[PDB]
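Take a look at the structure set out below.
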Amino acid sequence: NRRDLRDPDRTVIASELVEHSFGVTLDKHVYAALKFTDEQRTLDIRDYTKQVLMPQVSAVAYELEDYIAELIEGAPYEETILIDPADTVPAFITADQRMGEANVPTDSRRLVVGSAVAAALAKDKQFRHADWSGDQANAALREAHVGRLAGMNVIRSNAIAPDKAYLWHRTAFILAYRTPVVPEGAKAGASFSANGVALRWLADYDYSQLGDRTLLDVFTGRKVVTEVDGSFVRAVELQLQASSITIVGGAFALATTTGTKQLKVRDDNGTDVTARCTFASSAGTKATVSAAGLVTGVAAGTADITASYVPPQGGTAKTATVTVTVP
Amino acid sequence: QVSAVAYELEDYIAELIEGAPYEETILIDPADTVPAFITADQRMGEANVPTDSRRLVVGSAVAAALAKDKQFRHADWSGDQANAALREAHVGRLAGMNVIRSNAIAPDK
Amino acid sequence: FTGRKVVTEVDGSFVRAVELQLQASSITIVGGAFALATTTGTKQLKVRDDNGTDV
Amino acid sequence: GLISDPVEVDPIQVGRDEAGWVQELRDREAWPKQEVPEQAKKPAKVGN
């Protein structure tokens, strides 16, 4: 506090020391389970390690990566920074500014981009033109590789959404793993490892089904580290903007009335947004289109199948109309 | 306790600097930021202020706007083929003074 | 004990320092259009200019 | 109860849920993006 000198009142405001706390927990149980009959084990399986155990461990490893990706992608981001595909760098300078304004430390920062974001970076004329970027040995042109921008090295992952990028500090996300113990009653099990995480392995024969059941598991927990006020500042998400959508294949004709065709929608960046679109049919009697993009034309005629995609920047939905001739 | 007093003193200084009787404000155009700083240098030279001991402290958003500027981003427009405004997000000198970043002052000033 | 002073000219003008501010051509409200869950529900609106400053 | 009975509710699970520190996230596949869950916005506890 501060007070005026020679102030006739000599009261001083008491400063107060308030510690805070949060909590971290184990929450999930990641497992791969297999069951074999005695016939399969005797005749079908020829190498148990290569045929059963290694695919099992690889499956658990990919499941753990998906767990981490759900943590990173699902973290509370109060805003998303919109990358302009023609001018991608200002979005990343914005992300750096958002992190610094929150007094996040400049070291131990990780930037992970999706395939679409990496391609957008290489396609940007800032990196592709060798006079806007320096870089006479042009790498975004001869190698389709950007590597570093805005003070952060680019990591590429196919485990996250292609049009999403995340920049986080080391303290942003916490992971925890526990290895379950093999109980007294269980047949002595093995122990494996996925991404450096120890997994419990266990096998139990069921006389009822004349087979063996194997389980490969681990206990997991994850935390997003927010602030004292509950805000999340230690990580930033960026999303690639979309200005239009197209239905691939153009106008098409169904083989029969009973026939079905699955539509695919790509934005102007080339990202697949079919799972994020809403589909309508102008002539529902002639053709019906599912919520997942599947078109079925029950009656012969001509219909207009329309896909509407609300872009990452919000606003009016982009529309793409195609025509179907049902025979 | 000591950190509380230190931050309070920095706030004291920042209130002094930001609350000064600035007669006119120089508006930075984010698309073309350098002329604003050349204007600042000009105004302070027309006042016959000594060219030494001059000290430039920019906000967070001002530093970001400097980096986002195509004057510093594009290497043809700036020289600086290493392109520290692109590979980093750093502008360290323009208009004859060195940029000092502070989070104590207003971000856009 | 502290004291602070701004050094003005003998005519009263302040010339030894310059302030610069970053122009704001437009403002936007974070989130765009929205719908409240309940009447008791409240939202703390946040406004950002084209320069990303919290205004 | 009985050994063969279905597994009953864990008191540790009930306390873990009532403490409210299990991390809720967003579906990562829902379009448009979900609102941030309330647990994801809770302030740090003043005590412990």
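Here the Cβ is made from the backbone with ideal geometry for all residues, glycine too, and neighbour counts use every protein chain on show. None of the figures in this text is laboratory data; all of them are computed from the coordinates on show.
Here are some notes:
- The distance from the alpha carbon centre of the range A:1-53 to that of the range D:1-42 is 13 Å, rounded to a whole number.
- Coarse-grained scattering of chain A at q = 0.08, 0.14, 0.16 Å⁻¹, given as base-10 log I(q)/I(0) from a Debye sum over alpha-carbon atoms: -0.64, -1.13, -1.19
- Taking label points 7 Å from Cα along the Cα-to-Cβ direction, residue B:5 and residue A:190 give a separation of 6.5 nm.
- Net charge of the neighbourhood of residue D:43, taken over other residues with C-beta under 12 Å away and scored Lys/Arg +1, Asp/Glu -1, is 0.
- Here the spin labels are modelled as points 7 Å beyond Cα on the Cα-Cβ line, and at residue D:14 and residue A:136 they lie 7.5 nm apart.
- Once the mean of 1/r is taken over each pair of separate Cα atoms and inverted, the range A:67-185 shows a Kirkwood hydrodynamic radius of 16.0 Å.
- When each of A:164/A:223; A:35/A:264; A:50/A:261; A:28/D:42 is checked by Cα-Cα distance, pairs over 32 Å: A:35/A:264; A:50/A:261
- Nonlocal amide H pairs with residue A:301, under 5 Å, H built at 1.01 Å: A:326
- For the range A:190-234, the spread of Cα positions along the three principal axes, ordered from largest to smallest, is 57, 23, 10 Å.
- Built amide H within the under 5 Å cut-off of residue A:27, gap 5+: A:220, A:221, A:222
- Net charge of Cβ neighbours under 9 Å - reference residue A:203; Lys, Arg +1; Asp, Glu -1: 0
- Three-way shape label, the range A:216-265, alpha-carbon gyration tensor, a/c 1.5: oblate
- Taken about its Cα centre, chain C carries a charge dipole of roughly 280 debye when the Cβ of each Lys and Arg holds +1 and the Cβ of each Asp and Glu holds -1.
- The convex hull built on the alpha-carbon positions of the range A:1-157 has an orientation-averaged projected area of 19.3 nm².
- Calculated FRET efficiency for the pair residue A:110/residue B:80, C-beta based, R₀ 35 Å, to 0.05: 0.80
- Between the alpha-carbon centres of the range B:54-69 and the range A:70-134 there is a gap of 19 Å.
- Charge dipole of chain A about the Cα centre (unit charges at C-beta), most positive-ward option of A:83, A:71, A:256: A:256
- Computed magnitude of the charge dipole of the protein assembly as shown (debye, nearest 20; Cβ of K, R +1, Cβ of D, E -1): 960 debye
- Gap separating the Cα centres of the range A:213-238 and the range A:248-315, nearest whole Å: 37 Å
- Sites listed here are GluC sites (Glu not before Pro) in the range A:78-139 whose DSSP assignment is loop and whose Cβ has at most 15 other Cβ atoms within 10 Å: A:78, A:79.
- About the Cα centre, charge dipole magnitude for the range A:69-226 (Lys/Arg +1, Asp/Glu -1 at Cβ), debye: 320 debye
- A cut-off under 13 angstrom between Cβ atoms defines the neighbours of residue D:25, and their net charge, with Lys, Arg +1 and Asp, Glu -1, is -3.
- Tensor-based shape of the range A:271-323 (alpha-carbon gyration tensor, a/c under 1.5 rounded, otherwise prolate or oblate): prolate
- Ranked by how many other beta carbons lie within 10 Å on average, peptides D:35-48, B:21-34 from highest: B:21-34, D:35-48
- On the basis of the beta-carbon distance and an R0 of 30 Å, residue A:321 and residue C:47 show a calculated FRET efficiency of 0.25.
- When the Cα atoms of the range B:37-78 are aligned to their principal axes, the ranges along those axes come out at 34, 24, 15 Å in descending order.
- Shielding by other protein chains, D:19-30, mean Cβ within 10 Å: 6
- Shielding by partners for peptide B:82-94, expressed as the average number of C-beta atoms from other protein chains within 10 Å of each residue's C-beta, is 5.
- Within 10 Å of each Cβ in D:37-46, the average number of Cβ atoms from other chains: 5
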